[PDB]
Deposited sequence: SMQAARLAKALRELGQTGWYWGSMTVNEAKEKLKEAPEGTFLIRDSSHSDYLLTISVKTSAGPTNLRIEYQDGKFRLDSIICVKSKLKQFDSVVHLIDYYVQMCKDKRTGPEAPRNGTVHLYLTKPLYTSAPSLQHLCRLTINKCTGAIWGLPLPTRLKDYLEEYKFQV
């Protein structure tokens, strides 16, 4: 089941609009250079052991925090973050969503979009921020299904 979970996680990641793919460290640094503290994005990790990286603005500057994908699960780089204080996720967006919320520890706020997301998605984000119960919404079945595909608040 390792692949199935990875593929899905990548499908979600493409939906975010803040997955930058083969972006480099110096590209991430120039992009986030003057952005607001907490501004973040995800790109591929250059390192052999790591799959993805969170590139985020800090008062210090843009920095990077890597994501492990081992044994069907994601978590933050356990070298920098204390392994005893690490939750695990089946989704890399779930992971990022979880941390965005918690700090309303890791300071993520708004994602830096590669391009303007669709309005449909932008609504999906607003809707999800209000409610979890999709079944009880004055909407047709196809739109309810769209909301199921991406539950997150970012």
item	value
Regions left out of the model, expressed as runs of the deposited sequence counted from 1	1, 106 to 119
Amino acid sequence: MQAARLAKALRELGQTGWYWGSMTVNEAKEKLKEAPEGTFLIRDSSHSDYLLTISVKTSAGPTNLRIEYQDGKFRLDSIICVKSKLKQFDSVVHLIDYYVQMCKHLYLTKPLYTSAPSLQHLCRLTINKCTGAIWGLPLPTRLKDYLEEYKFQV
From here on, numbers count along this sequence of modelled residues.
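Between two forms, the rigid core is the largest collection of C-alphas that superpose within 1.5 Å.
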| property | result |
| --- | --- |
| 31 to 39 against 82 to 90 - segment lying farther from this form in 5 other deposited structures of this protein (CA RMS, rigid core fit) | 82 to 90 |
| Outlying stretch relative to shown form, 62 to 70 versus 105 to 113 in 5 other deposited structures of this protein, C-alpha RMS (core) | 105 to 113 |
| Average Cα temperature factor in the PDB entry - higher stretch of 39 to 47, 125 to 133 | 125 to 133 |
| Mean temperature factor over C-alpha atoms, higher-scoring stretch between 140 to 148 and 11 to 19 | 140 to 148 |
| Top Cα B factor in the deposited entry, candidates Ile67, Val93, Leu86, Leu112 | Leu86 |
| Maximum C-alpha temperature factor, selected from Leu52, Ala60, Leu32, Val100 | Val100 |
| Position of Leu106 among the chain's modelled residues by C-alpha B-factor, lowest, middle or highest third | highest |
